[PDB]
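Residue numbers (PDB author numbering), protein chains in the order written: chain B, 115 to 129; chain A, 1 to 89.
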């Protein structure tokens, strides 16, 4: 249910 | 590519204040701390999370800019280059 930074942040391809 | 990293002095406190602890972390662990750190210190446009506001905080100095996009890993990597102490050449 929660997104916030996580929503976009996650996008950041660590690789 | 994500390799292991080691948060120095001014780099450890960063992750620590974000809920981190130790002296070893990977690219995934660091990236996860970065976002949490910014949100914890409140350095971004509440209207646009994808728009971070380094202003003049730790991250701001390390990068040397005013703001950077989260959805755009451009300046993030550029800074980490010499910021994120990685191993394995």
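Backbone N, C-alpha and C define an ideal beta-carbon position, used for all residues, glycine too.
Per-residue DSSP class, three states only, for residue i
| i | result |
| --- | --- |
| residue 79 of chain A | helix |
| residue 89 of chain A | coil |
| residue 39 of chain A | helix |
| residue 48 of chain A | strand |
| residue 70 of chain A | coil |
Cβ of residue i within 8 Å of any chain B Cβ
| i | result |
| --- | --- |
| residue 82 of chain A | no |
| residue 70 of chain A | yes |
| residue 49 of chain A | yes |
| residue 14 of chain A | no |
| residue 1 of chain A | yes |
| residue 73 of chain A | yes |
Identity of the residue in the options nearest residue i by Cα
| i | options | result |
| --- | --- | --- |
| residue 127 of chain B | A:76, A:65, A:12 | A:76 |
| residue 79 of chain A | A:89, A:65, A:88, A:71 | A:65 |
| residue 83 of chain A | A:72, A:70, A:60 | A:60 |
| residue 42 of chain A | A:62, A:63, A:67 | A:67 |
**OP:** May I ask you to list, following chain order, the residues of the region 16–44 of chain A that have a beta carbon less than 7 Å from some beta carbon of chain B?
**Re:** Residues of the region 16–44 of chain A with a C-beta less than 7 Å from any C-beta of chain B: 27, 28, 31, 35, 39, listed in chain order.
**OP:** Kindly confirm or deny that the region 42–50 of chain A and the region 15–34 of chain A touch, where touching means at least three C-beta pairs closer than 8 Å.
**Re:** Too few Cβ pairs lie closer than 8 Å, so no.
**OP:** Mind the definition here: the region 1–13 of chain A touches the region 115–124 of chain B only if three or more C-beta pairs lie below 8 Å; say whether that holds.
**Re:** No, because fewer than three Cβ pairs between the region 1–13 of chain A and the region 115–124 of chain B fall closer than 8 Å, the two stretches do not touch.
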